[PDB]
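First up is the structure itself, then whatever we jot down about it.
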Ligand SMILES: Nc1ncnc2c1ncn2[C@@H]1O[C@H](COP(=O)(O)OP(=O)(O)O)[C@@H](O)[C@H]1O
């Protein structure tokens, strides 16, 4: 509700918010970070024109409409996050893979993914509009699914090393369960 | 394990107390459970079982006891629901990953938007999944939550409800049953403000009530059913050349659901119209239910393969899926049996047989008690 | 309103309705019947053209667009009430007149309405647009009202033995007064 | 000025012009000299009705004194292409192009009022310029004349030789005479 | 006049124009002499359709006797620029500019009705002025003629010399002849 | 007729004409002979867009044969006055005062389609009356000519002498040639 914005005017301009009882809280050491998806539809949609338009500015105008000027002036700065480029996506895939390894370590299985396989995952799941969340889903559908069946139904009940490779001819991933 | 597991699965309790609770219960359970053949030591498996009971969630020992149940989960759901295998695989694989330890740390077991035509099994696979797993089914009909003010009931109570029982229906339901299937039928009908409530459920795995109780959704399967794109697909073009209206369904889905909500979804399954081959399986299923109903009254029914095919042709409608099969089953079989069941040979003895003649093109019912 | 149909979907599909209050209403024994006049308008009206187009399937088309497929799928069957033919119309007047005769029987009055009078009563009583709803007044006004007025205060105070016959010139019903 | 008409609906009253109201009943109107813009409208109306109910039959009321043949071909081709049978009813008069569309109606659904007239004749297009250009344009109209006669003969059922002799000059046919010639199956009467 | 039409949407009943209703289905109509205003309108329609669904292909019904070349070239560029394949159908007749847009359709999606006609001729333009101005003005006519022939040859696939010989004078090509020439892929029959 | 397009929004359905819908997307169409009334309409559109989003970029599809020089300066003044970068695209022909507005777009955002043609020439105007008035009017027509050459030189980057020499006689520049001249940054040539 817009009332919440009015509640934060003293939080950012004076640092103190008072309860109905009358006690005052101190916000001088609390890092305040807000997140908003305003103008997400504007970015997702495409302009009706020969030349595509960057709708990053449309989000800012929406921010002005939603938030009152007093609220926005108090803010230190309005950071506009940018879409994930293909280069950082490779780093993003590495992050999910290590998260998978931590889950796998408890089970006793070690996962090894070739560099070519990692690139293949990025191309299949890359979606600038959808960000990094599709990358998790492609990894989940491709890597976590085979491992899950094997861990439960065989070849991985007991901890064993795993290796992943890409077949260029078939353009499909391969796996070596190698139990124990 | 007691400390690490308590943090993960035991909420609203602080760490030095949670672990002591797990540790104390493990000692109590092992000491008095086996009268003879008692293990003096407390292994890690005992701790996992204790947390499971406290949190009402399965443990991590699925690789031995329940390995058979998960392996046959997809096969059993195929017998109950024909076609739509992509939905069954999505649900069973999502479950397997969670039990195997690959599930998301802070997200539900699964979040799937099942969109398709009527009578295609959108709300049937969810009801059968819970029965297969033997877990409580949380069914919420969004037709009630059309307005903004009704949404507050999910996370609380109406403004100034001094009366007790002011706990959110969704928050209290999930707390009572941490392991359950959450079905939000006709999610499109719900006010857009309901999608904002699910953002923390799908992405953070928890929803907080106005009072402040935290509901855990990390172990609940979230399934939503919508008929958003059926109208667009069924729409017929007006032009010399017919148009391939294949992607129109997704475009309608994109408009009704904001990108943030759709991104959180684990997978969007598009159910498809039942094929003629699938209808034969459906006829057999309905007949099986009829046999069970007759078994209560002591009547036995056997139908010929030829009669089954005739029933399929009469009831095969692409737009209406499998629901019309019930109507022909009702008109053709239940009507004669009902009259005889009340008064006639079917009072007792059963031994019913059904057949048809190709020339007549009409079913024949014979009763010999 | 469309929102009402959404409420019935769970009723027919699940058989149980939950009120906002919180109580669970389980009504699986109640039969559900709805009455609509959507198709009659299309079928009764003729096509706007020199050629009369076929309206046999027009009635179903309206119901398909007016009612969502999901709503129609849950319904057991859709039954059409057809216009009352002359043969069945005779039975309707027979029921109304016989009903009045039963009421008069306790009082002791008797009627001898002719079969020809039945035909004339049917045309005025039954209308294609309003059906048999106007037929209520025709039987009561044409038969009960003239005789009832005479019964309370008339040439014949009591004894009945009344008879009725169609009058071609006046299009009125004869009243017999035998004490 | 087009008068509006109210059509009762379950939701409420709906206001539509007289032409649009009849279009809902599949009653299209062809009027005036044929042109690229009226034909585009007529074909557009046919395509709209096809998707609604392809089984149902469209009805085209032809009251035109003739027009450009090229524009009419779009109407003719559209009628044949669509699954729905097009019923052509000649109101008042059907000239060379109007008669072509009239006879092009589906068999059994073509009708003429008892007092209408039907005139058929060869195209009267002309061109001027260099001798070489005139030859190409002159040659083309003979090709078009062949197509008009061959498609007219197919629908009417008369031989190509019969059509060309009659179409040498303007020939006005009455409604009964049209039935004998084969342009229409019957004369529209109130059953 | 334009007959309004009813469309049943998920939201409820909606009233659209005859052309507007067809625009929702990606059907764009090109009719009459090409001009800047109508060309600009077609351009606007194509851009709107691309935004709604770029995957879905656009349909264009061309029934035109030819017009300004500059206006038409804007349409051609837009058709090639946008990702959707702009299917082209020849209703009734297509002139040199009309046929240039017809052949510009994507491969496998260009059609011509059976009784449709086509015409292709060199661009005809006349300028009056000083000899110096005529030289500069004349050069543009040669350049555009070559560009049109080159583009026409590219879509049809025929030799440039053959296109130059045929384009020197007006040439009329029937529907079956257009398919062989390469202007259209195939005739539309019972789709 | 102008088609009506439905814009789907979360709040509800909205109906807009094809041109107005494009204006909502910061697309302006400068089509037809330049005039005071049409130029005023374009000026109003730019100001409305500037207020809605000054930081965002405006677009101006120029398909016009040129026109009134003074009316066009109102657009040029407004293009440079408003903070938004008024990108320009050229569809079909661009002529005197059409190209002047096409070359006045922000650097790096001007574009021309592959087949678009650009024409540039000096102002053409005449006055009839007393010799004294002709001298005054003649001086006015010369001063305006120099100002356009100065402005054209600024955007293109060529010296004033180069522009004056070329602009003395009508000069037609192809789309790639315009890039060499500097009227536009580059050709789109994108899918
Ligand atoms: N594939 C199927 N196999 C068996 N029963 C089915 C199937 N599809 C639908 N049904 C039956 O139809 C009903 C489910 O319809 P549902 O898919 O929930 O409809 P909707 O999509 O309109 O919500 C139940 O009665 C169920 O038994």
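Ideal geometry is used to build each Cβ from the backbone, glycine not excepted, and the neighbour counts take in all protein chains shown. What follows is calculated from the coordinates using simple rules that are stated; it is not laboratory data.
Between the alpha-carbon centres of the stretch B:229-285 and the stretch E:152-171 there is a gap of 46 Å. Cα extents for the protein assembly as shown along the principal axes, largest to smallest and rounded to whole angstrom: 123, 108, 68. Relative to the longest principal axis of the Cα atoms of chain B, helix B:305-315 runs at roughly 80 degrees.
Counting Cβ atoms of other protein chains within 10 Å of each residue's Cβ and taking the mean over peptide A:139-151 gives 5. Residues within the reach of a label modelled at residue B:254 (point 7 angstrom out along Cα to beta-carbon, backbone nitrogen below 12 Å), restricted to the stretch A:48-62: there are none.
Computed from the C-beta positions of residue C:82 and residue C:119 and an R0 of 22 Å, the FRET efficiency is 0.60 to the nearest 0.05. Under the simplified labelling scheme, the residue B:275-residue D:172 pair shows an inter-label distance of 6.6 nm, with each label point 7 Å from Cα along Cα→Cβ.
Modelled this way, with points 7 Å down the Cα-to-C-beta line, the labels at residue B:89 and residue C:103 are 7.3 nm from one another. Annotation: the residues F:116, D:174, B:130, sorted from fewest to most other C-beta atoms within 10 Å of their own C-beta, follow the order D:174, B:130, F:116.
Measuring between their Cα centroids, the stretch F:101-131 and the stretch C:155-175 lie 101 Å from each other. For the segment E:35-48, counting C-beta atoms of other chains within 10 Å of every residue's C-beta and taking the mean gives 6. Considering only DSSP beta bridges whose two residues both sit in chain B, what percent are antiparallel, to the nearest 5? Beta bridges within chain B, antiparallel portion: roughly 30 percent.
Count the DSSP beta bridges whose two residues both fall in chain D, then state the antiparallel fraction as a percent rounded to the nearest 5.
Numbers: 9 of 25 bridges.
Here the antiparallel bridges make up roughly 35 percent for chain D.
Annotation for residue E:182, label-to-label distances across the other copies: 4.2, 4.2 nm (shortest first, one decimal, point 7 Å from Cα along Cα→Cβ). Against chain E, whose longest principal axis is taken from its Cα atoms, helix E:69-81 shows a tilt of about 60°. Closest approach of a chain E beta carbon to the axis mapping chain E onto chain F (residue, whole Å): E:15, 11.
In chain E, the inverse of the mean reciprocal separation of distinct Cα atoms equals 17.7 Å; this is its Kirkwood hydrodynamic radius. Label-point spacing for residue D:37 across the identical copies (point 7 Å from Cα in the Cβ direction), in nm and ascending order: 1.0, 1.9.
Neighbour counting of Cβ atoms within 10 Å sorts the residues F:56, B:71, fewest neighbours leading, into B:71, F:56.
Using a 7 Å projection from Cα along Cα-to-Cβ, the label point at residue E:134 is separated from the same position in the remaining copies by 2.7, 2.7 nm, smallest value first. For a Förster distance of 56 Å, can you work out the FRET efficiency between the beta-carbons of residue B:165 and residue C:133, rounded to the nearest 0.05? Once rounded, the FRET efficiency stands at 0.70.
Other protein chain C-beta atoms within 10 Å of residue C-beta, averaged over D:53-61: 2.
With everything on Cα atoms, drop me the angle between helix A:115-125 and the longest principal axis of chain A, reported from 0 to 90° to the nearest 10. The answer is roughly 50 degrees.
In the protein assembly as shown, the DSSP beta bridges split such that about 35 percent are antiparallel, to the nearest 5.
Quick one: Cα centre-to-centre distance for the stretch A:6-75 and the stretch F:2-34, in angstrom? After rounding, the separation between the Cα centres reads 30 Å.
If we count other beta carbons within 10 Å of each Cβ, what is the order of D:29, E:100, fewest first?
Details: D:29 20, E:100 23.
Placing the least packed residue first, the sequence is D:29, E:100.
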